[PDB]
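In what follows, chains carry the letters A, B, and so on, assigned in the order in which the sequence lines appear, proteins first and then strands, with residues in each chain numbered from 1.
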Amino acid sequence: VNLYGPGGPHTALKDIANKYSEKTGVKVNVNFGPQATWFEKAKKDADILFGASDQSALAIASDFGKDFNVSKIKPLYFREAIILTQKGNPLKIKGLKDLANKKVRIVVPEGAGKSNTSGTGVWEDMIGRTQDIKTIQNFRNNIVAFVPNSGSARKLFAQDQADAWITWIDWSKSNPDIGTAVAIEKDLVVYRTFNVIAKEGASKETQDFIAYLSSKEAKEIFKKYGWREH
Amino acid sequence: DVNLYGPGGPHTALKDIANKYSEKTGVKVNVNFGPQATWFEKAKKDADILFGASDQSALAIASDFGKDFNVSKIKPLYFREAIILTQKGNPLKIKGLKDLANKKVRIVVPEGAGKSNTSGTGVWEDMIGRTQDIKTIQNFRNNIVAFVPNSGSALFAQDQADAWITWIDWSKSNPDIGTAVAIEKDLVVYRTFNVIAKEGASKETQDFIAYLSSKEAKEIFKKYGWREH
């Protein structure tokens, strides 16, 4: 069974795929990274596309045309956005409003229309919930880079220069050695989903693996990386 | 002239403001609007200002212009809330997003599916995601019949769908179409109107940008649902 999707969820998926192979003897390959890196191979043998948000999964599945029926995207888990600071949070960042109010350098997970990426719209949806244009302006004025989430990359953009990144909890859980996670205000934070879509006319082994993704053993592994159901 | 380009939506407020500005100052201000593809070529030749209906879409559109615009100069000025638009009279008695997840309803959401730069990308998922319940998220998604850009200056499936996820300014601009239902305060998102002036923008261009923050402009933006606080 061949899976394709963004770096990020791949950490949990590799753990799950390995465990699944132990149990069933069915080979499950987890291919991951920026879409451009695997798009041509996926055109030839993709059984399942996985995604790290709905809007990005929709865009990516829409690039395959007839191979995939975009209405069949299945949300399975969600997780929260976080602030990731330098180790030990030296600036004592307490949330998004604090980021707006301090003289800090922020990186946000935007692709600027050049790629499909899970973070599109996240920073604005959260800071917008302050309903204060000055807060929104101040936060934006502190943004030094608009670049897609690191995903499967262990390096952060501007690692030695920026003070904070807007990213996903599962990135921090997958990379405990990089940065310090700071929780976003509950009244502001957004949650986005992990999803899958099986190709049209998918095999029984493909369907069986999709079902496994909702098994107790899979739920356990997803939870370890910060993915939630309720 | 001062030439503005951007999406349908904010254009109604901007046309009102531009008219008032021209009457006052004698400077001709042209508001060009619609899907990016319909004006992109013209804008490459004479755009003074790009206006936008979200940050992510404004960033994407301004990044299509290369040297002529420095995308770091995008200026957020107002925000407004997402709404639910139902058929006139709200016959299904829709009360919010959770209601849309729970009922048998046909929903249209403002997604571009990576085919265009559009203001609505990520809105529906960010709102219903704040329920923190995967079944609710699944139920809402199962009711979506179309993932298409916000109608803006044009509704998709107007006689077929039961509900649209759209912006308050659309309802204000089109008061005779459908019925607006306010989204749960703990779920709703707010996105911005913004502007960016071209590199080397004229004095007239800069003056018009300033006017968008005048008390006169603020009052017109407010009429169409655009807020500061």
Side-chain angles (χ1 to χ4, degrees), chain A residues 35 53-56 58-63 70-71 73-81 108 110-116 118-137 139-141 143-144 146 186-195 227-230, chain B residues 36 54-57 59-64 71-72 74-82 109 111-117 119-138 140-142 144-147 185-186 188-194 226-229:
Chain A
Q35 189 185 357
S53 73
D54 205 282
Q55 56 83 30
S56 60
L58 170 74
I60 292 175
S62 298
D63 290 340
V70 297
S71 72
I73 290 164
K74 311 290 185 68
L76 294 179
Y77 303 92
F78 65 82
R79 92 302 211 182
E80 76 277 9
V108 297
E110 290 291 338
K114 308 304 183 191
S115 69
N116 300 313
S118 71
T120 307
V122 170
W123 80 261
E124 79 190 274
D125 280 350
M126 296 188 300
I127 203 66
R129 277 182 55 87
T130 63
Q131 301 175 68
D132 189 313
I133 200 69
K134 294 182 175 170
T135 303
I136 296 164
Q137 295 166 347
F139 184 93
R140 197 191 200 285
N141 277 158
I143 301 171
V144 300
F146 296 81
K186 297 280 191 161
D187 61 7
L188 303 177
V189 69
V190 298
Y191 309 83
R192 288 197 179 179
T193 53
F194 171 80
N195 52 51
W227 298 93
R228 292 171 57 201
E229 284 185 292
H230 29 78
Chain B
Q36 183 186 2
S54 72
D55 204 280
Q56 55 84 29
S57 59
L59 176 61
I61 290 167
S63 296
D64 283 345
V71 308
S72 71
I74 289 168
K75 305 292 176 180
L77 293 177
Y78 301 90
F79 64 83
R80 88 303 202 184
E81 77 274 11
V109 297
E111 293 286 335
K115 308 305 182 194
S116 72
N117 300 313
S119 71
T121 302
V123 168
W124 81 261
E125 80 189 274
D126 278 351
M127 297 188 298
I128 200 70
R130 278 181 56 86
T131 69
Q132 301 170 70
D133 184 75
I134 201 68
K135 295 185 208 164
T136 303
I137 300 162
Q138 293 165 348
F140 188 96
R141 198 191 201 286
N142 281 155
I144 299 169
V145 298
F147 298 82
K185 300 292 199 162
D186 52 3
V188 68
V189 299
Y190 308 83
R191 292 193 178 182
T192 51
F193 170 80
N194 51 50
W226 303 91
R227 284 155 49 203
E228 288 183 290
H229 49 80

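Closest of all the heavy-atom pairs between B:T192 and B:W226 is C-CZ3, 4.1 Å. Minimum interatomic distance between B:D64 and B:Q36 (heavy atoms only, all atoms of both residues): OD2-NE2, 2.9 Å. Contact record, A:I133 with B:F79: N-CE2, 4.0 Å, taken as the closest heavy-atom pair.
Of the residues considered (A:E110, A:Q137, A:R192), A:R192 shows the highest number of contacts with chain B, using heavy-atom pairs under 4.5 Å. For chain B, the option among A:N116, A:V70, A:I60, A:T120 with the highest count of heavy-atom pairs below 4.5 Å is A:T120. With chain B as partner, the option from A:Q55, A:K114, A:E124 having the largest number of non-hydrogen pairs under 4.5 angstrom is A:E124. Ranked by heavy-atom pairs under 4.5 Å with chain B, the first of A:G121, A:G113, A:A61 is A:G121. Residue with the most contacts toward chain B among A:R140, A:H230, A:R228: A:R140 (heavy-atom pairs, distance under 4.5 Å). With chain B as the partner, the residue from A:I127, A:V189, A:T130, A:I143 showing the most heavy-atom pairs under 4.5 Å is A:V189. No other option in B:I137, B:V123, B:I74 has as many heavy-atom pairs under 4.5 Å with chain A as B:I74.
For B:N142, no part sits under 4.5 Å from any heavy atom of chain A, backbone or side chain. Both the backbone and the side chain of B:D55 come within less than 4.5 Å of a heavy atom in chain A. Both the backbone and the side chain of B:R130 come within less than 4.5 Å of a heavy atom in chain A. For A:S71, the part lying near chain B is the backbone, with the side chain staying farther off; criterion is any non-hydrogen pair under 4.5 Å. Contact annotation for A:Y77: only backbone heavy atoms (N, CA, C, O) come within less than 4.5 Å of a heavy atom of chain B.
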